[PDB]
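This report refers to the structure that appears directly beneath it.
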Amino acid sequence: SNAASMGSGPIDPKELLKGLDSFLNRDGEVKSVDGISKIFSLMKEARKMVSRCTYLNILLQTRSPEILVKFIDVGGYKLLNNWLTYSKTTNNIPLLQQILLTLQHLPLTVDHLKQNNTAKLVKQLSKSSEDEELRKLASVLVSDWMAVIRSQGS
């Protein structure tokens, strides 16, 4: 879509999150494909932990696959991968686990796993996450991804 600067005074991060409702359906999931483009651009700047957790949920409740592929296209996958290793340093159980659920929720391919080492990062979590649910979730994601990586290699 077209873009322009449209500079203005600062906007509340509450108001930025509130502005995402405009992209949802009555049923609660993102219905506009370009809406996710803006959701992702704001996710880059989601400095607050609660804000990140909220963004993860918005993607998770978005069962619609057309939205999820576009989230990956804009590089949302790359951002989830960044959030994963970033949250590992703070050992934030709910953030970490919810990030992993978002990875499993979107359609994945071996290329994304190898290029950003994501599979190697979650491997550490499968053994080092203190919370039993988190290490369980991470272990499922590892085993699932190993099936994909072993299906196409060289």
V122 vs. criteria under 24 Å from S154 (Cα atoms), in contact with a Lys or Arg (Cβ under 7 Å, 6 or more places away or on another chain) and assigned to a helix (DSSP H, G or I):
no
Every residue in region 58-109 that is polar (S, T, N, Q), farther than 18 Å from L141 by Cβ and surrounded by fewer than 22 Cβ atoms within 10 Å (Cβ to Cβ), please.
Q61, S64, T89, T90
Determine whether region 116-131 contains at least one residue that is surrounded by fewer than 17 Cβ atoms within 10 Å (Cβ to Cβ), among the acidic types (D, E) and more than 28 Å from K31 (Cβ to Cβ).
yes
For region 49-105, which residues satisfy the criterion of being aromatic (F, W, Y) and under 29 Å from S1 (Cα atoms)?
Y55, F71, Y77, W83
Quick one: which helices (runs of 4 or more DSSP H) sit completely within region 1-91 and have at least 3 residues that are under 15 Å from the mean Cα position of the chain (by Cα)?
35-43, 49-61, 65-73, 76-88
Of all residues in region 1-36 being among the small types (G, A, S) and in contact with a helix residue (DSSP H, G or I) (Cβ under 7 Å, 6 or more places away or on another chain), which is surrounded by the fewest Cβ atoms within 10 Å (Cβ to Cβ)?
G28
I need every pair where a residue in region 53-76 that is within 13 Å of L101 (Cβ to Cβ) has its Cβ under 8 Å from the Cβ of a residue that is small (G, A, S) and part of a helix (DSSP H, G or I), sequence separation at least 6 or different chains.
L59/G76
Residues of region 22-44 satisfying the condition of being under 21 Å from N2 (Cα atoms), among the charged types (D, E, K, R) and either without any contact (Cβ under 8 Å) to a residue 24 or more places away in the chain or touching a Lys or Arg at 6+ places or on another chain (Cβ under 7 Å) (or both):
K38
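As a convention, Cβ positions derive from the backbone with ideal geometry for all residues, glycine included, and neighbour counts pool all protein chains shown. Bear in mind that the values in this text are calculations on the coordinates, not laboratory data.
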